[PDB]
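Before any questions on how it binds or moves, here is one chain, the form solved without this ligand, in C-alpha cells.
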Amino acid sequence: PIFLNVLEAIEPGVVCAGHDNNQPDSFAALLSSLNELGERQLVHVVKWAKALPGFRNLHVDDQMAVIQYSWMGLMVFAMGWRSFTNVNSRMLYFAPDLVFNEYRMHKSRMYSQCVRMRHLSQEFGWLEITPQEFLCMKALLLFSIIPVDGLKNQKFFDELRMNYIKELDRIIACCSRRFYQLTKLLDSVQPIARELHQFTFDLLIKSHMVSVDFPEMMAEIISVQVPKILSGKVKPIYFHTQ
C-alpha cells in the first residue's frame, strides 16, 4: 500500500511553540505564543504538502495558494488528533510546551472556539478513527478550499482531489456509513476554521493595541489570504450541502 507508506513517512514530528510557561497566562503572552507556533507549523506544513503524492502536478501558483488557504483547517485537525492521543477531553494540546487548560481557554478570549476544537478532538474517539484514516483525511483537507474564480489549473486540482477521495474510500474498504461519518467530520472542520480566521483577522488589526506579536509569514498570510476567505472569494468545498 504505497499511498499509506508515503503518508506515514512524511507526517511531521513534534513542533514546540517556544512558550515561556514561567510567565502569567495573559492574553498577549498566550496569543503571541500561538502565533509563533503557527509560524513554526507552517514551515512543516509546506514541506509536508510538497511531498504528498501528485502535489507537484499542480501549477506552482496553485501549490502556494492551496497551502495558504487550507493551513488553519489542517493545523486544527492535526491538533485535535494529538490532543486526543495526549491530554484529557478538557484540554487542548497545541504543543508539548503550550497545553491549554480551561483557565487558558478563558484567558485567550477563545473559549467558545476552544469548545468546538475540544469536541472535534473527542470525535476522533467517538468515531474510533484509525491513524490511517486520520492521515488520509488530513491530506484531503489540503484540497478542500479554493477560490470561487478557480485556481490556475482547476482541472488538475479536481483530478487530484478525486484521487484523494478514492484513497480515503479504499482505506475504509479495508462502510457506506463509515464514509458518511468521515465526510461529515471533515466538513465539521470548516466552520471551526472560519471562526478562527475571523478571530485572527480581527486580532491582527488591533495587534498593537493589545500587544500581540505576529511573525512575518503569519502577518502576510492573515492580511492577504485570510480576507479572501472572509469576503467569500475563497470558499471551503463541503461534501454535504450546508
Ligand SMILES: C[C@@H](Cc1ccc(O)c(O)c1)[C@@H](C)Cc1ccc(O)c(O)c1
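So that there is no doubt, residue numbering starts at 1 and follows the sequence shown.
A second form of this protein, the form deposited with this ligand bound, is not displayed here; the remarks below concern that form.
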Let me know the one among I172, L135, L160, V99 whose heavy atoms come within 4.5 Å of this ligand in the deposited bound form, would you? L160
May I ask whether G54, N57 and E167 each come within 4.5 Å of this ligand in the deposited bound form, counting any non-hydrogen atom? yes
Can you list, in sequence order, the residues from 84-104 that come within 4.5 Å of this ligand in the deposited bound form, counting heavy atoms only? none
